[PDB]
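> experimental structure below, sequence on top.
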There are 4 protein chains.
Amino acid sequence: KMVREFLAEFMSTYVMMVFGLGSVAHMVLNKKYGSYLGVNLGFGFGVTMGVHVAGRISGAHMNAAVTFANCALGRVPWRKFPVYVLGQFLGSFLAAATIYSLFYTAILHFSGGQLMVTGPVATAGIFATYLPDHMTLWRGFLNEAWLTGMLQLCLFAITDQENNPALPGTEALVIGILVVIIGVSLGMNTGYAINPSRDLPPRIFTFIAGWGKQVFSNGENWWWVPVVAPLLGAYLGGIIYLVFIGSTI
Amino acid sequence: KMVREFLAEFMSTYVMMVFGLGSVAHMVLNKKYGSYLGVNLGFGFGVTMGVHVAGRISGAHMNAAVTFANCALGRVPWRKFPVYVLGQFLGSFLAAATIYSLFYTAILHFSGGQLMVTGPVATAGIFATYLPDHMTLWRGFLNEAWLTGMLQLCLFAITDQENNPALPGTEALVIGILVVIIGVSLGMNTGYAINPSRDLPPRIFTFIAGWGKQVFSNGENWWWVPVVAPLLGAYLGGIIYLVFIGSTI
Amino acid sequence: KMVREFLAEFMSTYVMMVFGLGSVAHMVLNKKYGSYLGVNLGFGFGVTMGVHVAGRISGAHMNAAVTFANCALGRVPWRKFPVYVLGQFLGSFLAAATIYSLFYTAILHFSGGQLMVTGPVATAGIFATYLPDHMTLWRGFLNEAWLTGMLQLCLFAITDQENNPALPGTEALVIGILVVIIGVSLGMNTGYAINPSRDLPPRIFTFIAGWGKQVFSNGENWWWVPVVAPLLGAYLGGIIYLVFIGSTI
Amino acid sequence: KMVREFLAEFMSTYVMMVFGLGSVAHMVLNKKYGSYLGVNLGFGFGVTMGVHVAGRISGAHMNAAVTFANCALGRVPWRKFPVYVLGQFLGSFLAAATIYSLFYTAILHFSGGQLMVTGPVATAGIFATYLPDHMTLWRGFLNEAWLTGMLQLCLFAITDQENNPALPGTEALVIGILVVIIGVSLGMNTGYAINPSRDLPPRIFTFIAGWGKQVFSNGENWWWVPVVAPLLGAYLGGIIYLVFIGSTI
């Protein structure tokens, strides 16, 4: 049943965003002591609930890039890939809407205090990822592909039962721990936008909620690299597994 | 027998408060370096000990709402729901008393130094949850309903053995990290008062311990929303499971 | 084989102290950002390695109080109890000696800078536990018995295989998590001196390393309550298990 | 085959550096709020991903000393030890290069702002470990030998299936938390340079990247003690197991 699979992908990427976008909205509009580790450990734990909640029906894709890499390297149906990508896009667009509906007055009061009419530099940083001042567009690629490819290589190493002792239940906890490490050690280079649907659907909402063109560009065009560099990174990560380790098991 | 269930619900909600109220009492009266994540991670870990201790004989109903939603969607005995709720109330009222008996002089010295005669503004924040300055009564509902409904939806997804990775033992640990995420990403909006018995029984004690009406109102009528918003949130979260995922298993 | 059991109890309480005493020496003599959670999470993780390392031969007692409670409530040989208590006393006295041998110059330079001739108020706080200014001797009892009794009731609930799904390997990780919660929510009341041998053997060393009478008294006599209140608390915690929950499984 | 083992030791020590060097590079060039625990917890979690990824074909020898001690006490092929060590060196030299390629402009802007021409005093602290101002060369030995010997003694106790609770899958996670404890309780004494290949291959890169002699000496001759003290510590830790516990199983 497909609408069985789609429905979980809507909700499970939601849990990811509300738990991932909630913790950063808490950071900029709620004066919370959130350190780099406190946003990664909560995001990685949140993506683990997304694995736990929606494991049975989908396999917990929650990523347009791990779905495109499971088709090219994991014999997942190509008939399922478009229906999947449109569901965890819509599930993240609605995720941002509810976290802004619950923080509604935290925006108008933080912006009112700091006299931010255009928040496309700090406040929108909550919904989706944005580059640091000290790098540029082609550097985000190298950063997003090299990390999404490392996610794909553990996501295959944890689900690989022909590898070190299989983790019956601890699989989803370490997949979180993994992104915790990628967000803690490289999250400040691009925001660890591992997922094209973790970053674009919130942008199209933030576009709606009064941020405009700058939600896509982010000063210097930035919406391309969250959508294409992860898809170009998860494939590089999937091939290097089946060749460098999978051909060795 | 039933007096087994009640006795554990008394003790198991106790473990929650003393571990949860202890960690925040440490914040205002013991000059501890405690972040939002360190109080959520300690509360969620504490609720996990509450699952572990009193799971085999109770099912770990540490929530007047998780009991009311397991009765409406989990065929729990309706004869057991009132007796269940009175043990987890009395177990939390006694929980606050022991943590106030152990911190007794930390109150009288903190207030004596800061000339706090009426502490229903900061210090009672220890026992139960209180709204932030920037929102109001109808705002707690959206926050408490939308989050208790996210709790109920994992608490069902974690105990769902027809969802792919079965968690033999990691169930109670992942329920903890879940509230760690809800307290870290939305805990400053209402205090994540997910349980009507996590918030009312400590208030009736703080009422006794010299805080007065303001323990119930907290500036504005804040004792209603912990008691009614979780119950209306756990039902929405329980129906949203069996409809959006359960009809998807 | 007994010297088989003793040898592990020497070493496994060592691992506890070096990992537990190391993190606090790092706090006072090495200017490390250690928050209340960073000392509890590292101690609880350290006591978990102590369970992991020395599980097979002893059962990971590491506590003169859990050994005296396993004899009265767990049919452990009374012939083994004295040989056990003298080993994880000596194992903690040597543990403090090596952590002071590695931090040797961090004492003489911190004391040299802060002109501390007598360090029995802050510096010795690293080796063993010491009361806060705002409570007294009879209050430490209530604090140490009520917490050591909560340790004993989880340590029995995690090893109880007739309770919720047994934790094959995750047992030792949650025993740490438990003390993490007791040190995070009540560690500032007495130092969570759960173990009589975690606190006395380091004192007899600190007595040696140039701290004198004040290592035992701590301003106001303090060495009695770490040694007797845990033994009086682990028994209260062991009886309440087999009666309030064990008689219900 | 052997070229399977080498290839994974290249990649698996890479994962360690990029996750370990990334998290501390974030500290000096990215103005991140990073505590001692947040860098140890991220390094130890990263070393756990190194165990998980390359366990089935290597056994996860991510340490020139853990290989040399598994050969002397674990009947590992002596023919495999040199080829093993050259892959985990080259894999760490390339690891630093990719984390310096991703942080490239964060160096030139941090040094340009702080007028750091020679950064072998703070910034190279990113790639490899460096002594603190308050100790000297013979002090690193006691610290590096006593800790690498504690690592080797758990790494054997975790993989010891004749020790009570067998950890099917939790093995790699608990090895991580162990170094989290060693980096949190003794990491400021030497940088917990437990692996000769965690500390030398990044230096030879930092030598290349414009840091010069001072990457090897670090004020005083500090490149020797990461290479020789771990090897002398892992042997003491391996013998202390099979003698104090292994003859106790």
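Structure received. Residues are numbered from 1 along each chain as shown, chains lettered A, B, ... in the order given.
> off-centre distance for the longest helix seen in chain A?
Assignment by DSSP state H gives helix A:2-28 as the longest helix of chain A. Helix A:2-28 sits 9 Å away from the centroid of its parent chain (CA atoms, centre = their mean, to the nearest Å).
> over to stretch A:54-69?
Put simply, stretch A:54-69 sits 12 Å off its chain's centre (CA atoms, centre = their mean).
> with stretch A:200-219 instead?
In terms of CA atoms, centre = their mean, the centre of stretch A:200-219 is found 16 Å from the chain centre.
> so which bits of it are buried?
A:200-207, A:209, A:211, A:214-216, A:218 (16 or more other CB atoms under 10 Å in any protein chain shown). Where C-beta positions appear, they are placed from N, C-alpha and C, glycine not excepted.
> and for stretch A:38-50?
Quick answer for stretch A:38-50 (16+ other CB under 10 Å): A:38-50.
> so how far is residue C:51 from the residue of chain A found nearest chain D?
Proximity of chain A to chain D (CB to the nearest CB) peaks at residue A:185, 2.9 Å away. Applying CB to CB, to the nearest Å, the value for residue A:185 to residue C:51 is 30 Å.
> list the contacts of residue A:77.
Residue A:77 makes contacts with residue A:71, as judged by CB atoms under 8 Å, 6 or more residues apart in numbering or on different chains.
> so the residue of chain A closest to chain D sits right up against residue D:26, yeah?
Yes. Counting by CB atoms under 8 Å, residue D:26 is a contact partner of residue A:185 at 6.4 Å.
> which one's more surrounded, the two?
Using other CB atoms under 10 Å in any protein chain shown as the criterion, residue A:185 and residue D:26 rank with residue A:185 on top: 30 against 27.
> now that one: closest residue in space, sequence neighbours ignored.
In space, and not counting its chain neighbours, residue A:185 is closest to residue D:22: 2.9 Å by CB to CB, 6 or more residues apart in numbering or on different chains.
> separation between residue A:83 and residue A:198?
Note on residue A:83: its distance to residue A:198, by CB to CB, is 19 Å.
> burial measure for the residue lying closest to residue A:36 once chain neighbours are set aside, as a count.
Leaving aside its sequence neighbours, residue A:36 sits nearest to residue D:32 (CB to CB, 6+ apart; 4.6 Å). By other CB under 10 Å, 20 other residues sit near residue D:32.
> ok, now which ones touch residue D:32?
A:35, A:36, A:188, D:26.
> adding secondary structure and distance to residue C:56, write those out as CSV.
Shown next, in CSV, are the contacts of residue D:32 (DSSP: H, G, I helix; E, B strand; the rest coil; distance: CB to CB, whole Å):
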residue, secondary structure, distance to residue C:56
A:35, coil, 39
A:36, helix, 39
A:188, helix, 44
D:26, helix, 41
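> tell me the one of those residues nearest chain B?
Nearest to chain B among these, counting by CB to the nearest CB, is residue A:35 at 7.6 Å.
> nearest residue to that closest one other than its sequence neighbours?
Leaving aside its sequence neighbours, residue A:35 is closest to residue D:33 (3.9 Å, by CB to CB, 6+ apart).
> give me phi/psi at the one you found?
phi -80, psi 90 (degrees, to the nearest 10).
> can you get me a residue count around it?
Counted with other CB under 10 Å, the neighbours of residue D:33 add up to 14.
> from chain B, how far out is it?
Applying CB to the nearest CB, to the nearest Å, the value for residue D:33 to chain B is 10 Å.
> the nearest residue to residue A:228 once chain neighbours are set aside: what's it in contact with?
Excluding the flanking residues, the one nearest residue A:228 by CB to CB, 6+ apart is residue A:196, at 7.7 Å. Residue A:196 makes contact with A:63, A:64, A:65, A:226, A:227, A:228, A:230, A:231 under the criterion CB under 8 Å, 6+ apart.
> just the element for residue A:161, please.
For residue A:161, there is no host helix or strand (DSSP states H and E).
> what about the closest residue to chain C within chain A, distance to chain B?
With CB to the nearest CB, the shortest gap between chain A and chain C falls at residue A:170, namely 8.3 Å. Look at residue A:170 and chain B: by CB to the nearest CB, they are 6 Å apart.
> distance of the residue lying closest to that residue once chain neighbours are set aside relative to residue C:214?
Distance criterion CB to CB, 6+ apart; nearest residue to residue A:170, sequence neighbours excluded, is residue D:169 at 5.3 Å. Using CB to CB, one obtains 48 Å as the distance from residue D:169 to residue C:214.
> okay, helices next: where are they in chain A?
A:2-28, A:36-53, A:55-58, A:64-73, A:81-102, A:104-114, A:137-159, A:171-190, A:196-206, A:214-217, A:224-244.
> closest to residue C:10 out of those?
Smallest distance to residue C:10 across those (CB to CB): 33.1 Å, for helix A:171-190.
> that closest one: which residues count as buried?
Those would be A:171-190, for helix A:171-190 by 16+ other CB under 10 Å.
> number of residues surrounding residue A:222?
By other CB under 10 Å, the residues close to residue A:222 number 23.
> right, I mislabeled it, should have said residue A:93
Using other CB under 10 Å, the number of residues around residue A:93 comes to 22.
> now it, nearest residue through space, not along the chain?
Nearest non-adjacent residue to residue A:93, counting by CB to CB, 6+ apart: residue A:201, 3.8 Å away.
> pretty sure the one you found sits against residue A:92.
Yes. Counting by CB under 8 Å, residue A:201 touches residue A:92, with 3.8 Å between them.
> circling back to that earlier point, just flag the most distant two among the buried residues of stretch A:200-219.
Longest span within the buried residues of stretch A:200-219, CB to CB: A:201 and A:214, 17.2 Å.
> might you enumerate the residues of chain A proximal to chain C?
Applying the criterion CB under 8 Å from any CB of the partner chain, no portion of chain A neighbours chain C.
> need the residues of chain A near chain D, please.
A:35-37, A:132, A:134-135, A:139, A:142-143, A:146, A:150, A:153-154, A:157-158, A:162-168, A:170, A:174, A:177-178, A:180-182, A:184-189, A:244-245, A:248-249.
> list the buried ones in stretch A:223-237?
For stretch A:223-237, a neighbour-count test (16+ other CB under 10 Å) marks A:223, A:225-227, A:229-237 as buried.
> burial measure for residue A:108, as a count.
11.
> distance check, it against residue A:209.
11 Å.
> ok, residue A:130 next?
16 Å.
> same deal with residue A:126?
11 Å.
> ok, residue A:151 next?
Taking CB to CB as the measure, residue A:151 falls 29 Å from residue A:209.
> go on, residue A:22?
According to CB to CB, residue A:22 and residue A:209 sit 16 Å apart.
> next: residue A:158.
For residue A:158, the distance to residue A:209 - CB to CB - is 36 Å.
> cool, and residue A:153?
Distance, residue A:153 to residue A:209, using CB to CB: 36 Å.
> with residue A:221 instead?
Relative to residue A:209, residue A:221 is positioned 21 Å away (CB to CB).
> is any residue of stretch A:145-154 near chain B?
No. Under the criterion of CB under 8 Å from any CB, stretch A:145-154 makes no contact with chain B; the nearest approach is 15.8 Å.
> mind listing what's buried in stretch A:105-114?
By 16+ other CB under 10 Å, the buried positions in stretch A:105-114 come out as A:106, A:107, A:110, A:111.
> list the residues that contact the closest residue to the last one other than its chain neighbours.
Leaving aside its chain neighbours, residue A:111 sits nearest to residue A:119 (6.1 Å; criterion: CB to CB, 6+ apart). For residue A:119, the contacting residues are A:107, A:111, A:211, by CB under 8 Å, 6+ apart.
> go on, residue A:86?
Residue A:86 neighbours (CB under 8 Å, 6+ apart): residue A:6.
> now do residue A:34
Shown in contact with residue A:34 (CB under 8 Å, 6+ apart): A:23, A:24, A:26, A:27, B:35, B:36, B:37.
> let's see 7 Å
By CB atoms under 7 Å, 6 or more residues apart in numbering or on different chains, the contact set of residue A:34 is A:23, A:26, A:27.
> how much space separates the last one from residue B:177?
Distance from residue A:27 to residue B:177, counting by CB to CB: 19 Å.
> and what of residue A:87?
25 Å.
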